[PDB]
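> Okay, so here is structure02.pdb, and as you'll see once you scroll down, it has PDB, C-alpha atoms.
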ATOM      1  CA  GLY A   1      51.527 180.523 -10.451
ATOM      2  CA  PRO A   2      48.564 182.618  -9.261
ATOM      3  CA  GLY A   3      46.650 185.169 -11.313
ATOM      4  CA  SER A   4      45.083 188.345  -9.946
ATOM      5  CA  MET A   5      44.031 189.667 -13.354
ATOM      6  CA  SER A   6      41.384 188.006 -15.524
ATOM      7  CA  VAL A   7      40.285 187.861 -19.162
ATOM      8  CA  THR A   8      36.828 189.055 -20.200
ATOM      9  CA  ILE A   9      35.019 187.694 -23.255
ATOM     10  CA  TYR A  10      32.035 189.302 -24.979
ATOM     11  CA  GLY A  11      29.449 187.869 -27.353
ATOM     12  CA  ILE A  12      26.095 186.100 -27.223
ATOM     13  CA  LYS A  13      24.465 183.009 -25.722
ATOM     14  CA  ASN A  14      22.685 181.794 -28.857
ATOM     15  CA  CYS A  15      25.839 180.682 -30.670
ATOM     16  CA  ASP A  16      27.907 177.504 -30.969
ATOM     17  CA  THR A  17      31.235 179.276 -31.463
ATOM     18  CA  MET A  18      30.840 181.075 -28.136
ATOM     19  CA  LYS A  19      30.432 177.738 -26.354
ATOM     20  CA  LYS A  20      33.522 176.352 -28.087
ATOM     21  CA  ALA A  21      35.480 179.419 -26.981
ATOM     22  CA  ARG A  22      34.455 179.312 -23.320
ATOM     23  CA  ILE A  23      35.072 175.560 -23.232
ATOM     24  CA  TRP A  24      38.452 175.680 -24.971
ATOM     25  CA  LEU A  25      39.705 178.507 -22.756
ATOM     26  CA  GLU A  26      38.228 176.860 -19.662
ATOM     27  CA  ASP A  27      39.953 173.579 -20.512
ATOM     28  CA  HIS A  28      43.280 175.315 -21.140
ATOM     29  CA  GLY A  29      43.022 176.525 -17.555
ATOM     30  CA  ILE A  30      42.117 180.127 -18.338
ATOM     31  CA  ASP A  31      39.286 182.071 -16.703
ATOM     32  CA  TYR A  32      37.087 183.901 -19.208
ATOM     33  CA  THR A  33      34.199 186.162 -18.204
ATOM     34  CA  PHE A  34      31.149 185.504 -20.376
ATOM     35  CA  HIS A  35      29.496 188.816 -21.256
ATOM     36  CA  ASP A  36      26.417 189.106 -23.474
ATOM     37  CA  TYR A  37      25.967 192.036 -25.856
ATOM     38  CA  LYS A  38      22.738 192.856 -24.021
ATOM     39  CA  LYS A  39      24.145 191.935 -20.608
ATOM     40  CA  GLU A  40      26.892 194.558 -20.804
ATOM     41  CA  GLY A  41      24.404 197.026 -22.251
ATOM     42  CA  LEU A  42      24.960 198.208 -25.816
ATOM     43  CA  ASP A  43      24.778 201.990 -26.167
ATOM     44  CA  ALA A  44      26.118 204.868 -28.262
ATOM     45  CA  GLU A  45      29.172 205.103 -26.006
ATOM     46  CA  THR A  46      29.946 201.385 -26.234
ATOM     47  CA  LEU A  47      29.378 201.318 -29.994
ATOM     48  CA  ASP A  48      31.714 204.267 -30.554
ATOM     49  CA  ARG A  49      34.395 202.747 -28.324
ATOM     50  CA  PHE A  50      34.197 199.501 -30.298
ATOM     51  CA  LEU A  51      34.151 201.141 -33.730
ATOM     52  CA  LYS A  52      37.129 203.197 -32.561
ATOM     53  CA  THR A  53      39.000 200.091 -31.414
ATOM     54  CA  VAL A  54      38.421 198.154 -34.636
ATOM     55  CA  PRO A  55      37.308 198.810 -38.237
ATOM     56  CA  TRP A  56      33.598 198.532 -39.026
ATOM     57  CA  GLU A  57      34.645 196.149 -41.799
ATOM     58  CA  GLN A  58      36.018 193.704 -39.228
ATOM     59  CA  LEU A  59      33.370 194.401 -36.588
ATOM     60  CA  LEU A  60      30.453 192.558 -38.190
ATOM     61  CA  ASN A  61      30.436 189.197 -39.971
ATOM     62  CA  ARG A  62      30.202 189.438 -43.760
ATOM     63  CA  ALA A  63      29.878 185.742 -44.592
ATOM     64  CA  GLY A  64      26.510 185.511 -42.868
ATOM     65  CA  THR A  65      22.877 186.485 -43.381
ATOM     66  CA  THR A  66      23.326 189.959 -41.901
ATOM     67  CA  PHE A  67      25.518 191.072 -44.802
ATOM     68  CA  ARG A  68      23.401 189.125 -47.292
ATOM     69  CA  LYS A  69      20.403 191.077 -45.996
ATOM     70  CA  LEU A  70      21.321 194.267 -47.857
ATOM     71  CA  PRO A  71      21.325 194.440 -51.680
ATOM     72  CA  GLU A  72      24.363 194.291 -53.961
ATOM     73  CA  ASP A  73      24.594 198.083 -54.145
ATOM     74  CA  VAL A  74      24.487 198.608 -50.379
ATOM     75  CA  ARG A  75      26.631 195.552 -49.658
ATOM     76  CA  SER A  76      29.337 197.311 -51.673
ATOM     77  CA  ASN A  77      28.369 200.836 -50.621
ATOM     78  CA  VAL A  78      28.909 200.205 -46.909
ATOM     79  CA  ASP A  79      29.711 203.246 -44.772
ATOM     80  CA  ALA A  80      30.698 203.943 -41.166
ATOM     81  CA  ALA A  81      27.335 205.533 -40.375
ATOM     82  CA  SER A  82      25.331 202.563 -41.654
ATOM     83  CA  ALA A  83      27.644 200.077 -39.941
ATOM     84  CA  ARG A  84      27.501 201.879 -36.595
ATOM     85  CA  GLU A  85      23.707 201.978 -36.858
ATOM     86  CA  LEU A  86      23.664 198.254 -37.631
ATOM     87  CA  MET A  87      25.758 197.454 -34.557
ATOM     88  CA  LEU A  88      23.726 199.682 -32.237
ATOM     89  CA  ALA A  89      20.456 198.414 -33.708
ATOM     90  CA  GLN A  90      21.437 194.750 -34.000
ATOM     91  CA  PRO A  91      24.732 194.075 -32.175
ATOM     92  CA  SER A  92      23.859 190.375 -32.272
ATOM     93  CA  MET A  93      25.620 190.329 -35.642
ATOM     94  CA  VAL A  94      28.819 191.780 -34.182
ATOM     95  CA  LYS A  95      31.886 189.566 -34.573
ATOM     96  CA  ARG A  96      32.444 186.929 -31.889
ATOM     97  CA  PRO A  97      33.749 185.686 -29.734
ATOM     98  CA  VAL A  98      35.403 188.908 -28.570
ATOM     99  CA  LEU A  99      38.316 189.311 -26.158
ATOM    100  CA  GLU A 100      38.743 192.499 -24.129
ATOM    101  CA  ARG A 101      42.067 193.250 -22.440
ATOM    102  CA  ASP A 102      43.219 196.708 -21.352
ATOM    103  CA  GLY A 103      40.773 198.183 -23.844
ATOM    104  CA  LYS A 104      42.338 196.449 -26.838
ATOM    105  CA  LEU A 105      39.699 194.283 -28.513
ATOM    106  CA  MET A 106      40.473 191.010 -30.291
ATOM    107  CA  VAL A 107      38.476 188.756 -32.615
ATOM    108  CA  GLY A 108      37.842 185.110 -31.792
ATOM    109  CA  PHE A 109      39.906 182.499 -33.618
ATOM    110  CA  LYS A 110      39.105 178.962 -34.769
ATOM    111  CA  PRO A 111      40.024 175.941 -32.606
ATOM    112  CA  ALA A 112      42.236 174.219 -35.176
ATOM    113  CA  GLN A 113      44.115 177.478 -35.741
ATOM    114  CA  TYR A 114      44.450 178.391 -32.065
ATOM    115  CA  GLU A 115      45.867 174.934 -31.350
ATOM    116  CA  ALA A 116      48.108 174.779 -34.418
ATOM    117  CA  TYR A 117      49.380 178.219 -33.412
ATOM    118  CA  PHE A 118      49.919 177.815 -29.668
ATOM    119  CA  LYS A 119      51.346 174.379 -30.459
ATOM    120  CA  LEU A 120      55.132 174.039 -30.305
TER
END
Would you mind writing the file's structure down as structure tokens?

Amino acid sequence: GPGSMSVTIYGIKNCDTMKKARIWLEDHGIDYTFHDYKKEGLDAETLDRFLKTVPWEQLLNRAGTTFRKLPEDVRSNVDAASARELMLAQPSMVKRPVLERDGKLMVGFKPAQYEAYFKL
């Protein structure tokens, strides 16, 4: 059971989740390409492509410090423009891990869930 194709994963290096993802996938016997937000090169084109693939609401963590950074008014008055600027300016907050396959982008899932799901 060979495999010509391969799965590519995007994210950062300064994160525990990322490590858990690469390890889990690696253990399962799947090859995942580790790509850093800065490694791939974040630009206007990339940002647009991402924002077009997924909603800005589900593109950046909200239960973190990034979202807590802005006030109550802004936190509730979030717009596409602001979001896009936040991703292009500080993509390190972008959701992760991230799976890229045929363009379609997917958000990383927890270990307990992934197992409980894939489990028979």
> Here's a test: counting only C-alpha atoms, identify every protein, DNA and RNA residue with an atom at most 7 Å from (39.2, 189.5, -16.9) in the file's coordinate frame, and state them as an NGL selection string.
:A and (5-8 or 32-33)
> Name the residues that the PyMOL selection byres ((chain A and resi 108-115) around 6) pulls out of this structure, and write them as a PDB file with C-alpha atoms, in the coordinates of the input.

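As a result, out-v1.pdb now contains:
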ATOM      1  CA  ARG A  96      32.444 186.929 -31.889  1.00  0.00           C
ATOM      2  CA  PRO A  97      33.749 185.686 -29.734  1.00  0.00           C
ATOM      3  CA  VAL A  98      35.403 188.908 -28.570  1.00  0.00           C
ATOM      4  CA  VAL A 107      38.476 188.756 -32.615  1.00  0.00           C
ATOM      5  CA  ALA A 116      48.108 174.779 -34.418  1.00  0.00           C
ATOM      6  CA  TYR A 117      49.380 178.219 -33.412  1.00  0.00           C
ATOM      7  CA  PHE A 118      49.919 177.815 -29.668  1.00  0.00           C
ATOM      8  CA  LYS A 119      51.346 174.379 -30.459  1.00  0.00           C
TER       9      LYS A 119
END
> Apply the PyMOL selection byres ((chain A and resi 95) around 12) to the displayed file and report the matching residues as a compact mmCIF listing (two decimals) with C-alpha atoms, in the frame of the given file.

# COMPACT_ATOMS: atom_id res chain seq x y z
CA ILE A 9 35.02 187.69 -23.26
CA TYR A 10 32.03 189.30 -24.98
CA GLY A 11 29.45 187.87 -27.35
CA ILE A 12 26.10 186.10 -27.22
CA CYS A 15 25.84 180.68 -30.67
CA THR A 17 31.24 179.28 -31.46
CA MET A 18 30.84 181.08 -28.14
CA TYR A 37 25.97 192.04 -25.86
CA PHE A 50 34.20 199.50 -30.30
CA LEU A 51 34.15 201.14 -33.73
CA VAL A 54 38.42 198.15 -34.64
CA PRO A 55 37.31 198.81 -38.24
CA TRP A 56 33.60 198.53 -39.03
CA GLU A 57 34.65 196.15 -41.80
CA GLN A 58 36.02 193.70 -39.23
CA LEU A 59 33.37 194.40 -36.59
CA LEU A 60 30.45 192.56 -38.19
CA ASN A 61 30.44 189.20 -39.97
CA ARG A 62 30.20 189.44 -43.76
CA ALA A 63 29.88 185.74 -44.59
CA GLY A 64 26.51 185.51 -42.87
CA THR A 66 23.33 189.96 -41.90
CA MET A 87 25.76 197.45 -34.56
CA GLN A 90 21.44 194.75 -34.00
CA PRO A 91 24.73 194.08 -32.17
CA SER A 92 23.86 190.38 -32.27
CA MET A 93 25.62 190.33 -35.64
CA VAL A 94 28.82 191.78 -34.18
CA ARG A 96 32.44 186.93 -31.89
CA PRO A 97 33.75 185.69 -29.73
CA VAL A 98 35.40 188.91 -28.57
CA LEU A 99 38.32 189.31 -26.16
CA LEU A 105 39.70 194.28 -28.51
CA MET A 106 40.47 191.01 -30.29
CA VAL A 107 38.48 188.76 -32.62
CA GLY A 108 37.84 185.11 -31.79
CA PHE A 109 39.91 182.50 -33.62
> Please indicate the distance in Å from atom CA of residue A:65 to atom CA of residue A:45, rounded to one decimal place.
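Distance reported for this atom pair: 26.2 Å.
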> Would you compute the box with edges along x, y and z of the file around stretch 43-60 of chain A, including every atom the file lists for it and 6 Å extra on each side, and give its centre and edge lengths in Å to one decimal, as lines of an AutoDock Vina configuration file?

center_x = 31.9
center_y = 198.8
center_z = -33.9
size_x = 26.2
size_y = 24.5
size_z = 27.8
> Between A:73, A:68, A:3, A:104, which is the closest to residue A:29 once you count only C-alpha atoms?
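So, comparing all the options, the nearest one is A:3.
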> So how many Å separate atom CA of residue A:48 and atom CA of residue A:85, to one decimal?
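The value is 10.4 Å.
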> Could you tell me which of A:78, A:13, A:100, A:2 comes closest to residue A:36 if we count only C-alpha atoms?
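Going through A:78, A:13, A:100, A:2 one by one, the smallest distance to residue A:36 is for A:13.
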> Point out the residue among A:30, A:120, A:83, A:88 with the least atom-to-atom distance to residue A:43, counting all atoms listed in the file.
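Nearest candidate to residue A:43 out of A:30, A:120, A:83, A:88: A:88.
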> Would you work out the distance separating atom CA of residue A:47 from atom CA of residue A:71, expressed in Å to one decimal?
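These atoms are spaced 24.1 Å apart.
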